[PDB]
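Here is the structure we will look at, set down as structure tokens.
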Amino acid sequence: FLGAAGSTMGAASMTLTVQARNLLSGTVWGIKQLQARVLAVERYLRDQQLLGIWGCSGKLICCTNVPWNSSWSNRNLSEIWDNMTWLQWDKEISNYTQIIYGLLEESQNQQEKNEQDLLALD
Amino acid sequence: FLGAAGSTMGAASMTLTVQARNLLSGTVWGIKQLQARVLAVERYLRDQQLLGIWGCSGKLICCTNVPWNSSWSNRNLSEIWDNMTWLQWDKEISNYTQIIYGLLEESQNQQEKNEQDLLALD
Amino acid sequence: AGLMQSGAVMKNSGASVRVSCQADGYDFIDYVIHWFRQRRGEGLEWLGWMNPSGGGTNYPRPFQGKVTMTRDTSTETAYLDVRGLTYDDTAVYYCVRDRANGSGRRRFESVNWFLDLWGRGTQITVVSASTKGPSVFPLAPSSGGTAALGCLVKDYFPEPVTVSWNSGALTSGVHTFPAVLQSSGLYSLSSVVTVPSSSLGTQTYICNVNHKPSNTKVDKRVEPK
Amino acid sequence: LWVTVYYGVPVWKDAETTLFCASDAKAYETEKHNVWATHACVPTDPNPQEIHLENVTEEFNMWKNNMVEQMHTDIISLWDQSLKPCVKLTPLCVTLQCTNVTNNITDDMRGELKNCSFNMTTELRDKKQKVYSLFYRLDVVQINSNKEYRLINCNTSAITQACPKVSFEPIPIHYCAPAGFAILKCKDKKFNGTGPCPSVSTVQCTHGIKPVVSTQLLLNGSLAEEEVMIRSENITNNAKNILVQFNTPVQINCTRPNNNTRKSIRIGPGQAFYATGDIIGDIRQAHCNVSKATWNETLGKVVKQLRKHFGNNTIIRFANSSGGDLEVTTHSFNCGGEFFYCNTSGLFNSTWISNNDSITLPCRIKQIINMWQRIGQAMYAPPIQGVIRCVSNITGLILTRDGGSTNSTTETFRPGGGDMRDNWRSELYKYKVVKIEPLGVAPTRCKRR
Amino acid sequence: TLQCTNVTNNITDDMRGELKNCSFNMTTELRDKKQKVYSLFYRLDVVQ
Amino acid sequence: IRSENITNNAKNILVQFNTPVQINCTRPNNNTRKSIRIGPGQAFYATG
Amino acid sequence: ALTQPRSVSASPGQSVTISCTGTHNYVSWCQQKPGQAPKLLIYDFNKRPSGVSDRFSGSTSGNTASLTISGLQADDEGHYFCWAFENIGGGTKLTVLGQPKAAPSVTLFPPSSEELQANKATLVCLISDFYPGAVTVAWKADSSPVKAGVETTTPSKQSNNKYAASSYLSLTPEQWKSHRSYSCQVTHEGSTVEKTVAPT
Ligand SMILES: *[C@@H]1O[C@H](CO)[C@@H](O[C@@H]2O[C@H](CO)[C@@H](O[C@@H]3O[C@H](CO[C@H]4O[C@H](CO)[C@@H](O)[C@H](O[C@H]5O[C@H](CO)[C@@H](O)[C@H](O)[C@@H]5O[C@H]5O[C@H](CO)[C@@H](O)[C@H](O)[C@@H]5O)[C@@H]4O)[C@@H](O)[C@H](O[C@H]4O[C@H](CO)[C@@H](O)[C@H](O)[C@@H]4O)[C@@H]3O)[C@H](O)[C@H]2NC(C)=O)[C@H](O)[C@H]1NC(C)=O
Ligand SMILES: *[C@@H]1O[C@H](CO)[C@@H](O[C@@H]2O[C@H](CO)[C@@H](O[C@@H]3O[C@H](CO[C@H]4O[C@H](CO)[C@@H](O)[C@H](O[C@H]5O[C@H](CO)[C@@H](O)[C@H](O)[C@@H]5O[C@H]5O[C@H](CO)[C@@H](O)[C@H](O)[C@@H]5O)[C@@H]4O)[C@@H](O)[C@H](O[C@H]4O[C@H](CO)[C@@H](O)[C@H](O)[C@@H]4O)[C@@H]3O)[C@H](O)[C@H]2NC(C)=O)[C@H](O)[C@H]1NC(C)=O
Ligand SMILES: *[C@@H]1O[C@H](CO)[C@@H](O[C@@H]2O[C@H](CO)[C@@H](O[C@@H]3O[C@H](CO)[C@@H](O)[C@H](O)[C@@H]3O)[C@H](O)[C@H]2NC(C)=O)[C@H](O)[C@H]1NC(C)=O
Ligand SMILES: *[C@@H]1O[C@H](CO)[C@@H](O[C@@H]2O[C@H](CO)[C@@H](O[C@@H]3O[C@H](CO)[C@@H](O)[C@H](O)[C@@H]3O)[C@H](O)[C@H]2NC(C)=O)[C@H](O)[C@H]1NC(C)=O
Ligand SMILES: *[C@@H]1O[C@H](CO)[C@@H](O[C@@H]2O[C@H](CO)[C@@H](O[C@@H]3O[C@H](CO)[C@@H](O)[C@H](O)[C@@H]3O)[C@H](O)[C@H]2NC(C)=O)[C@H](O)[C@H]1NC(C)=O
Ligand SMILES: *[C@@H]1O[C@H](CO)[C@@H](O[C@@H]2O[C@H](CO)[C@@H](O[C@@H]3O[C@H](CO)[C@@H](O)[C@H](O)[C@@H]3O)[C@H](O)[C@H]2NC(C)=O)[C@H](O)[C@H]1NC(C)=O
Ligand SMILES: *[C@@H]1O[C@H](CO)[C@@H](O[C@@H]2O[C@H](CO)[C@@H](O)[C@H](O)[C@H]2NC(C)=O)[C@H](O)[C@H]1NC(C)=O
Ligand SMILES: *[C@@H]1O[C@H](CO)[C@@H](O[C@@H]2O[C@H](CO)[C@@H](O)[C@H](O)[C@H]2NC(C)=O)[C@H](O)[C@H]1NC(C)=O
Ligand SMILES: *[C@@H]1O[C@H](CO)[C@@H](O[C@@H]2O[C@H](CO)[C@@H](O)[C@H](O)[C@H]2NC(C)=O)[C@H](O)[C@H]1NC(C)=O
Ligand SMILES: *[C@@H]1O[C@H](CO)[C@@H](O[C@@H]2O[C@H](CO)[C@@H](O)[C@H](O)[C@H]2NC(C)=O)[C@H](O)[C@H]1NC(C)=O
Ligand SMILES: *[C@@H]1O[C@H](CO)[C@@H](O[C@@H]2O[C@H](CO)[C@@H](O)[C@H](O)[C@H]2NC(C)=O)[C@H](O)[C@H]1NC(C)=O
Ligand SMILES: *[C@@H]1O[C@H](CO)[C@@H](O[C@@H]2O[C@H](CO)[C@@H](O)[C@H](O)[C@H]2NC(C)=O)[C@H](O)[C@H]1NC(C)=O
Ligand SMILES: *[C@@H]1O[C@H](CO)[C@@H](O[C@@H]2O[C@H](CO)[C@@H](O)[C@H](O)[C@H]2NC(C)=O)[C@H](O)[C@H]1NC(C)=O
Ligand SMILES: *[C@@H]1O[C@H](CO)[C@@H](O[C@@H]2O[C@H](CO)[C@@H](O)[C@H](O)[C@H]2NC(C)=O)[C@H](O)[C@H]1NC(C)=O
Ligand SMILES: *[C@@H]1O[C@H](CO)[C@@H](O)[C@H](O)[C@H]1NC(C)=O
Ligand SMILES: *[C@@H]1O[C@H](CO)[C@@H](O)[C@H](O)[C@H]1NC(C)=O
Ligand SMILES: *[C@@H]1O[C@H](CO)[C@@H](O)[C@H](O)[C@H]1NC(C)=O
Ligand SMILES: *[C@@H]1O[C@H](CO)[C@@H](O)[C@H](O)[C@H]1NC(C)=O
Ligand SMILES: *[C@@H]1O[C@H](CO)[C@@H](O)[C@H](O)[C@H]1NC(C)=O
Ligand SMILES: *[C@@H]1O[C@H](CO)[C@@H](O)[C@H](O)[C@H]1NC(C)=O
């Protein structure tokens, strides 16, 4: 569980299976943990929604029909899976996450599933 | 967001991507908006369930192995994507939605996935 | 909003007194109070502080036991006490609110202590009692810069005091400076004229004064020798 | 390179949520209806479930923390709860013909307790009820005549009587978080509360914690380990109270040494009052005893552990408090239900340089609190017959630095406190709440169909 | 019960009485003592 | 102007202005307050 | 125990520094308009918060720490001070440059021979017609300054707006015979002025 976030990305890639395990794992003062469990569920579902509206939905890992952007911190192939970590990446990435999402959720499946319709007919 | 429900169906088809965007978008008197968010989640999930039990589940659009019924208001191909709107359709459709559902949820995947098993074996 | 300093006040050597900082516009209980003092032309000084929660305080080493600062939560008021007064305690006294320290979730947070809200101050003046009609002394000219002289008046109480020049007949080149609180707890000032150099010997000069709180009018003939 | 996302990634950030308790199982069985207040608190994971973390360091801030204030709002909430149905006391703000004592108990216990007598509502409405009871000096006040007094609260704040079935025993509570939220757990022993902590685990069900209630003195708390620890948000700020944690348990034995008797006064229906009766035999003041030389050596290792900040040679001195309310001016606390205030004056009249019986300091008992400045309601601490004795460990302290404006000449300390939240920070020093996001995307030369 | 009266100031019949200067006993802080007191009220808060 | 069916006189009529009407109201007397002490805690507030 | 000048003066709409010096601790700055509650300005060596004019610019350089001011507005006449925890600055009376740098006039007068007949030696130093009303004053017996029993006023309005003030030394007549070159010494705007009396 979250075993070694300080291990590099290529090492950490081996299992993505326990952080997704205990992430659900099965009166006033009694109202509260209800109010907490409910948004834990909402966060899980916001996730699964942002996921399904991407070509992903297929759990955990998912290749995608959009590449990279130079300016988005031009770096190298061995410099990150072998020399970096996760937050280490997303703190940098904080500055561009939004339009990343925006282009996935639009320019992908919407085009992709409409093109699919254009062949799911013949 | 719900931009022009009065634009015809073929025009409206272009994007089905923002009505599904803000549809979740991320003490007494404090109990209430909890009671509201919860059934918003249930409505979303009732949807996704009615969806997955159909061959659909694949988000937004989904072709299906059942055709039309004459009596269900015989009309034409250009009369609806070019000359009608959404509620405009479903107010008519109110009178037949139920067995539509009934036949999808049964006569489809149940047959379809069992036939699939009959080939997912060899 | 702000804070309510009681008005200025006189008392006496030794003795003791109490001073009030009333708080309006927020949370008396949250935040913390401090007190400060400026003496006769002096770099301001710290006095002490109180967290109005439990009541805990900290008196700096040289003022421990001297001071007694307190609170009343219900009246939402801050209080201070000072004992065995001396002239060296003649000053003006501020209470003052810090927001960056004290109980409650609301904290603006700063490394330096916040002196957010300020009481107007309370001037404390220790005047040894009775009154005493003053004592006038002549300051004469002598040995350029044209001649000048006056009469001082000393160790009296209370101010003010009238000084006139030949029943106040002359008012050309006169100034009557502010009083001064000597250590003694009493006051002293002086009235001055300047004159030509030949204006001596011929034209001569005296002081009219009166301290009518003691009912004491005085005429003194000022003479350079 | 294309893009590809990952669900379950190791990334989180600074967030604070609502959290829930956990009170294990063996506490659950003791028959007699309700406990502490954990009514629906769910038992503890019976196994230590923690994960050490490899090459990770991030920054804990014990004052910028939150779960401390979570537990604070929680405990004043359940404070309100606890007594909410308990018995009211409105017919006690009544005149009180009183007097002192009649037994050979020295001026050491002269009067102080009072033998008041007065009328009262009966079970019914008509009849009055001439009665009498005994009270600590600090529950009563003169009014300008023989000896008629008032209770302290009756010009400020009404008062309810705690249900006697309640017991004031702190019980280890495991605060446990929801998912998506993790608790980073610092695991070095040298972490002055602020900054990044390398040695860390990840945890959800924090250890069993007793919310000990005391001023100046910290009781039954957690240990430090090798080199006793001290923490300040910025000690140069003298006003920032200093919180210290011991590696060494201080033995303390407190005792209220008189055999009391209880009165189920009948101010009925239903609502029954509980008064003090006359005392069995001799009368002696409550107090506490502590091992002299262990005290000596702990304050040694302390004064060793401070001049690091204030020059290896500085003048140290301690003293009794700067004058506060009885809660902060003394070691206020509870033992066995009733409430002590100990004259901690005796343990600080000392001055420290550079590198036999046992101590008996007395405490006086009070029954009328309105704690956390939560006035508008007071609690009557009901009596307990028999005597009271109290084993405790002392593990930390709250202190105040004098601001002796010099350079680093003489610096002197006193037992601070007042703000109760520190007794929580003093076991919250080691935790941080983090919101994890299982999502993380990376470019890579991978295509879809 | 409320031993009352009208007004004492030059304020015309335009404001004649209407406000009332009632006087009466009251609970103290304590339970025993009564509390002879008095207060002023608009005419529509009171009744003969 | 709006009515559920104004011919129904009993249906109250609700009207909305395009024009703001200036109005200045004043209770023109300087009052004084009494923290009466019917304690504990509960303090009354009377007219002086 | 912080520095801060004795007084500063400048024309409106200009740009002025106020320095205070002690330690690398976090200074902050505040404002005494006369007969007005102090009004805190900048916290933590640089940043101004809510309801404050941008014109104020605090900075530091370690131990020293100063405040630059944009656009001198005379509605900001008065005293200014810095602090750093219990260590405090000694006030700074910023006046504005209205009228000319008025050199003061200093007069030293001896003890009346009648004071000597009442055995209390009283010496006076008097400062007149000066501006800006912002001066400091030390005494000098023979060749030595003094700590005992010195009082000094706060300058104020003469008739002609310019300023007036007084220093009183109380010594006993033998203490006044014992040093001969008794003397008063003032500092007005850097310029240091003296006058002297001897027992005669
Ligand atoms: C916190 O710290 C304070 C301060 O120290 C403690 O206060 C102490 O409290 C205890 C009890 O509360 C007090 O004990 C009493 O002592 C008196 C006087 O005894 C003296 O004189 C006789 C001769 O006249 C000596 O023989 C006594 O020697 C006793 O001690 C020595 C060792 O030092 C021991 O070897 C002796 O045998 C003797 O002990 C007892 O011996 C037998 C059994 O061994 C026993 O039958 C006998 O009674 C002795 O107690 C001593 O020098 C003594 O009279 C008292 O007993 C009687 O009266 C009480 C009251 O009615 C009865 O209950 C009891 O049964 C006896 O009838 C007590 O024993 C002590 O004086 C006091 N002060 C000091 C300085 O110790 C607190 O108790 C501490 N509290 C906590 C929580 O830590
Ligand atoms: C709602 O509508 C009602 C009805 O209109 C208002 O009721 C009015 O209320 C105001 C105040 O509440 C009343 O004002 C008072 O007027 C009296 C009488 O003044 C008359 O006689 C003198 C000579 O005897 C005239 O000079 C006066 O002329 C005044 O008005 C003219 C313009 O019309 C002006 O040019 C004059 O200068 C003069 O005004 C004032 O002048 C100077 C400064 O300019 C000032 O120092 C002076 O006192 C004048 O007030 C006028 O014809 C007057 O005596 C009162 O003043 C004194 O008594 C009160 C009570 O102690 C003091 O507070 C005050 O300081 C004075 O000592 C008042 O000013 C007015 O009569 C009354 N009725 C009418 C018809 O206006 C409500 O106020 C309205 N409320 C709201 C919320 O809208
Ligand atoms: C606390 O004060 C109460 C007063 O209400 C004391 O109770 C009363 O105490 C007096 C003596 O102080 C008792 O008087 C005697 O009573 C006995 C038995 O009735 C009788 O034989 C004697 O002739 C004399 O009248 C009185 O009865 C008693 N009453 C009650 C109801 O207790 C109480 O003793 C005081 N307690 C202490 C510890 O001081
Ligand atoms: C710190 O921990 C110690 C160790 O337990 C606590 O001492 C305990 O004190 C309580 C009363 O405050 C005792 O409770 C009572 O125990 C007796 C007999 O054990 C029983 O008759 C009562 O019904 C009640 O349960 C408790 O027993 C005692 N601990 C032990 C092991 O005996 C101490 O209270 C703790 N600190 C604080 C401030 O409470
Ligand atoms: C902290 O310690 C100081 C000194 O170490 C204590 O100071 C003392 O304060 C008390 C009460 O203000 C003074 O007491 C008076 O004593 C007479 C004769 O015994 C008594 O009859 C009076 O009723 C009064 O209580 C005492 O003179 C004074 N100085 C000393 C040396 O004791 C202070 O009480 C301590 N405070 C705390 C909270 O620990
Ligand atoms: C409303 O009614 C109350 C009655 O409770 C008035 O209070 C009382 O008013 C009378 C005069 O109407 C006061 O009498 C005089 O008192 C002064 C000072 O004590 C004394 O010098 C006179 O010889 C005479 O006795 C009385 O003291 C006063 N009492 C109190 C407690 O206020 C009140 O004035 C009435 N208010 C209005 C606006 O009508
Ligand atoms: C309890 O009530 C009794 C009455 O039953 C009180 O006794 C009276 O006290 C008053 C004092 O003001 C006397 O004037 C009466 O003469 C007493 N006797 C009666 C009324 O029969 C007694 O003082 C009350 N005790 C309290 C309130 O503590
Ligand atoms: C007070 O401190 C003592 C230290 O001797 C504690 O005794 C230890 O208790 C822990 C847990 O209960 C055990 O793991 C240790 O082995 C005990 N020490 C020894 C020497 O056996 C005692 O429990 C503490 N009491 C409290 C905190 O109430
Ligand atoms: C405190 O006083 C009570 C009442 O006198 C004592 O209770 C008695 O105790 C003895 C001895 O334990 C028993 O034989 C009696 O049956 C008890 N009676 C009642 C009514 O409780 C109590 O024991 C005293 N405290 C101590 C420590 O002995
Ligand atoms: C506090 O109480 C404990 C237990 O009552 C004391 O410890 C005992 O100490 C004696 C000698 O002082 C030993 O003979 C016992 O074996 C100890 N027993 C236990 C359980 O600890 C301790 O000394 C007391 N301390 C003070 C200062 O009173
Ligand atoms: C706590 O203890 C100290 C001393 O142990 C008490 O101080 C004494 O106070 C009395 C009050 O009359 C004085 O007469 C004594 O002279 C004081 N002691 C000394 C050594 O001077 C103190 O009052 C106690 N109580 C509190 C609340 O601090
Ligand atoms: C202050 O600390 C000293 C310890 O250095 C205490 O000293 C005592 O002095 C008295 C007489 O002067 C002796 O009878 C005691 O035996 C001494 N005790 C100790 C431990 O040395 C002194 O009592 C302390 N002050 C107070 C108020 O307790
Ligand atoms: C307030 O209480 C007083 C008593 O303190 C009342 O005065 C009594 O009024 C009754 C009227 O029925 C008379 O019979 C008594 O003789 C009065 N004097 C007494 C009892 O000493 C007064 O009327 C009360 N005022 C109210 C209720 O408004
Ligand atoms: C209403 O009456 C009160 C009480 O007399 C006035 O309060 C005083 O107001 C003056 C002038 O503003 C101040 O100098 C006093 O210090 C105030 N005293 C108190 C106790 O409040 C009030 O001003 C009056 N209303 C108006 C509008 O002036
Ligand atoms: C990539 O980022 C750069 C920023 O330098 C921007 O100019 C470019 O348009 C981005 N790529 C696309 C496809 O928008
Ligand atoms: C990154 O790769 C480029 C070639 O694409 C190479 O020239 C450069 O040295 C590499 N640098 C790092 C830090 O990997
Ligand atoms: C279509 O609807 C008609 C109604 O006219 C009905 O007779 C027919 O059975 C329906 N089709 C099927 C496949 O049931
Ligand atoms: C619909 O299409 C039919 C042919 O299928 C045609 O005969 C008819 O005119 C069309 N009518 C409309 C309204 O589209
Ligand atoms: C009761 O004790 C107090 C406390 O000093 C005293 O004033 C009073 O005289 C005592 N009364 C009796 C009856 O002993
Ligand atoms: C604490 O204050 C000191 C001096 O004011 C400063 O050097 C330090 O940066 C502050 N903050 C800390 C120690 O976190």
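Labels for the structure tokens follow display order: chains A, B, ..., residues from 1 in each chain, ligands from 1.
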Please, which residues of range 257-369 of chain D, numbered as in this document, come out strand (DSSP E) from DSSP, as a ChimeraX atom specification? /D:257-260,262-266,272-276,287-290,315-318,331-335,338-342,350-352,359-366,368-369
Those same residues, written as a compact mmCIF listing (two decimals), in the first residue's frame with N, CA and C atoms?
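Once written, out_29.txt looks like this:
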```txt
# COMPACT_ATOMS: atom_id res chain seq x y z
N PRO D 257 -7.94 12.75 50.50
CA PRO D 257 -7.76 11.74 51.56
C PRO D 257 -8.87 11.74 52.59
N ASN D 258 -10.11 11.98 52.19
CA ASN D 258 -11.21 11.99 53.14
C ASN D 258 -12.33 11.10 52.65
N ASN D 259 -12.98 10.44 53.60
CA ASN D 259 -14.07 9.52 53.33
C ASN D 259 -15.38 10.30 53.34
N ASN D 260 -15.91 10.58 52.15
CA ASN D 260 -17.12 11.38 52.00
C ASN D 260 -18.38 10.52 52.16
N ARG D 262 -22.69 10.62 50.56
CA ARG D 262 -23.51 11.23 49.52
C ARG D 262 -24.97 11.30 49.96
N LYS D 263 -25.67 12.32 49.45
CA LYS D 263 -27.06 12.62 49.77
C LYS D 263 -27.88 12.61 48.49
N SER D 264 -28.73 11.61 48.31
CA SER D 264 -29.71 11.65 47.21
C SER D 264 -30.86 12.54 47.68
N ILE D 265 -30.60 13.85 47.67
CA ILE D 265 -31.65 14.84 47.89
C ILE D 265 -32.75 14.61 46.87
N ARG D 266 -33.99 14.85 47.27
CA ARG D 266 -35.13 14.57 46.41
C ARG D 266 -35.81 15.88 46.05
N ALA D 272 -33.11 13.91 40.88
CA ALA D 272 -32.58 13.74 42.23
C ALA D 272 -31.23 14.43 42.33
N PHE D 273 -31.05 15.20 43.39
CA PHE D 273 -29.81 15.90 43.63
C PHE D 273 -28.86 15.01 44.43
N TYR D 274 -27.56 15.32 44.35
CA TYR D 274 -26.54 14.54 45.04
C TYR D 274 -25.62 15.51 45.77
N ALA D 275 -25.76 15.55 47.10
CA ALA D 275 -25.07 16.48 47.97
C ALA D 275 -23.97 15.79 48.76
N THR D 276 -23.09 16.61 49.33
CA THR D 276 -22.11 16.14 50.29
C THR D 276 -22.76 15.93 51.65
N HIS D 287 -3.82 16.20 47.71
CA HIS D 287 -2.47 16.62 47.33
C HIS D 287 -1.90 15.56 46.40
N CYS D 288 -0.61 15.68 46.11
CA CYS D 288 0.08 14.73 45.26
C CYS D 288 1.52 14.61 45.74
N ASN D 289 2.10 13.44 45.50
CA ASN D 289 3.48 13.14 45.82
C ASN D 289 4.20 12.71 44.55
N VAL D 290 5.49 13.04 44.50
CA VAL D 290 6.31 12.75 43.33
C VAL D 290 7.73 12.45 43.79
N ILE D 315 21.59 31.85 32.07
CA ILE D 315 21.00 31.82 33.40
C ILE D 315 19.58 31.31 33.24
N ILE D 316 19.25 30.21 33.91
CA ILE D 316 17.90 29.66 33.85
C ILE D 316 17.24 29.89 35.20
N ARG D 317 15.93 30.08 35.20
CA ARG D 317 15.21 30.15 36.46
C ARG D 317 13.76 29.80 36.19
N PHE D 318 13.13 29.17 37.16
CA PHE D 318 11.73 28.80 37.09
C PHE D 318 10.98 29.51 38.20
N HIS D 331 -2.02 23.34 38.64
CA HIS D 331 -2.27 22.12 37.90
C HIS D 331 -3.74 21.75 38.07
N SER D 332 -4.60 22.26 37.20
CA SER D 332 -5.97 21.79 37.17
C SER D 332 -5.99 20.42 36.51
N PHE D 333 -6.87 19.56 37.01
CA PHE D 333 -7.16 18.30 36.33
C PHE D 333 -8.31 17.59 37.02
N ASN D 334 -8.66 16.42 36.50
CA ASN D 334 -9.65 15.54 37.09
C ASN D 334 -8.87 14.32 37.56
N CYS D 335 -9.23 13.78 38.71
CA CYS D 335 -8.99 12.36 38.89
C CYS D 335 -10.25 11.79 39.51
N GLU D 338 -13.69 13.67 40.54
CA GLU D 338 -13.62 15.02 41.06
C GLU D 338 -12.38 15.75 40.56
N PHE D 339 -12.35 17.05 40.84
CA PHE D 339 -11.49 17.97 40.12
C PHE D 339 -10.54 18.65 41.07
N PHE D 340 -9.25 18.48 40.81
CA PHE D 340 -8.15 19.01 41.59
C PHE D 340 -7.56 20.25 40.94
N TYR D 341 -7.00 21.11 41.79
CA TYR D 341 -6.13 22.21 41.40
C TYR D 341 -4.93 22.18 42.32
N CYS D 342 -3.77 21.82 41.78
CA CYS D 342 -2.57 21.60 42.56
C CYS D 342 -1.67 22.82 42.53
N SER D 350 13.50 27.56 41.57
CA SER D 350 14.82 27.02 41.30
C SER D 350 15.50 27.87 40.23
N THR D 351 16.83 27.84 40.23
CA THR D 351 17.63 28.52 39.24
C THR D 351 18.65 27.53 38.72
N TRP D 352 18.83 27.49 37.40
CA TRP D 352 19.74 26.51 36.83
C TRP D 352 20.91 27.15 36.10
N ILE D 359 8.23 14.70 47.18
CA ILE D 359 7.58 16.00 47.12
C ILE D 359 6.08 15.85 47.30
N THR D 360 5.51 16.66 48.19
CA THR D 360 4.08 16.64 48.54
C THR D 360 3.50 18.01 48.21
N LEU D 361 3.00 18.16 47.00
CA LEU D 361 2.37 19.47 46.84
C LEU D 361 0.85 19.37 47.01
N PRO D 362 0.20 20.30 47.71
CA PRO D 362 -1.25 20.17 47.92
C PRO D 362 -2.12 20.72 46.78
N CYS D 363 -3.30 20.10 46.66
CA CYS D 363 -4.31 20.48 45.68
C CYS D 363 -5.63 20.69 46.41
N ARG D 364 -6.42 21.65 45.92
CA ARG D 364 -7.76 21.88 46.44
C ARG D 364 -8.79 21.50 45.38
N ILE D 365 -9.93 21.01 45.86
CA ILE D 365 -10.92 20.36 45.01
C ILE D 365 -11.99 21.39 44.72
N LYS D 366 -12.48 21.39 43.49
CA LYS D 366 -13.61 22.23 43.14
C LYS D 366 -14.61 21.38 42.35
N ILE D 368 -17.30 22.96 40.45
CA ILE D 368 -18.09 23.84 39.59
C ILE D 368 -17.19 24.30 38.46
N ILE D 369 -17.32 23.68 37.29
CA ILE D 369 -16.53 24.09 36.14
C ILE D 369 -17.47 24.51 35.03
```
Residues near residue 55 in chain A, cut-off 10 Å, only C-alpha atoms, skip fewer than 2 positions along chain, as number ranges by chain: A: 51-53, 57-58, 62-65, 104-105, 108-110, 112-113; B: 58-59; D: 448
As a quick test: using only C-alpha atoms and all ligand atoms, which residues lie no more than 8 Å away from ligand 9? Give them as a list in words.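 The distance check yields residues 259, 260, 261, 280, 385, 386 and 387 of chain D.
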Residue hits in chain G, query chain C, radius 8 Å, only C-alpha atoms, as a ChimeraX atom specification: /G:25-28,35-40,43-44,84-86,88-91,109-112,114-115,149,151-154,158,164-166
All residues having an atom within 10 Å of ligand 4 (only C-alpha atoms and all ligand atoms) as a count of residues only: 30
Shell around residue 174 in chain D at 10 Å using only C-alpha atoms, local window under 2 positions removed, as a PyMOL selection string: chain D and resi 20-24+41-45+171-172+176-177+204-210
For the residues in the current selection, export C-alpha atoms as a compact mmCIF listing (two decimals), in the first residue's frame.
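The file below, result10.txt, is the result:
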```txt
# COMPACT_ATOMS: atom_id res chain seq x y z
CA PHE D 20 -13.88 9.20 12.67
CA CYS D 21 -12.80 7.57 15.94
CA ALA D 22 -12.15 3.89 16.81
CA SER D 23 -12.39 2.48 20.35
CA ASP D 24 -11.48 -1.24 20.01
CA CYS D 41 -17.39 4.26 17.90
CA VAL D 42 -16.30 1.19 15.97
CA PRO D 43 -13.58 -1.14 17.27
CA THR D 44 -9.92 -1.05 16.29
CA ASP D 45 -8.11 -2.98 13.60
CA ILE D 171 -9.82 5.82 27.27
CA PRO D 172 -7.41 5.21 24.34
CA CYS D 176 -9.20 6.66 11.84
CA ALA D 177 -9.54 8.36 8.48
CA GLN D 204 -5.01 5.17 8.87
CA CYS D 205 -5.94 4.02 12.40
CA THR D 206 -3.76 6.16 14.64
CA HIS D 207 -2.84 4.71 18.03
CA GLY D 208 -5.14 4.58 21.04
CA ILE D 209 -5.02 8.01 22.69
CA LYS D 210 -6.34 9.14 26.06
```
If we count only C-alpha atoms and set the cut-off at 10 Å, which residues sit around range 91-102 of chain B, ignoring sequence neighbours fewer than 6 positions away in its own chain? Please answer as number ranges by chain. B: 50, 54, 66, 72-73, 108
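Using only C-alpha atoms and all ligand atoms, residues with at least one atom at most 9 Å away from any atom of ligand 15 are residues 68, 69, 70, 71 and 72 of chain A.
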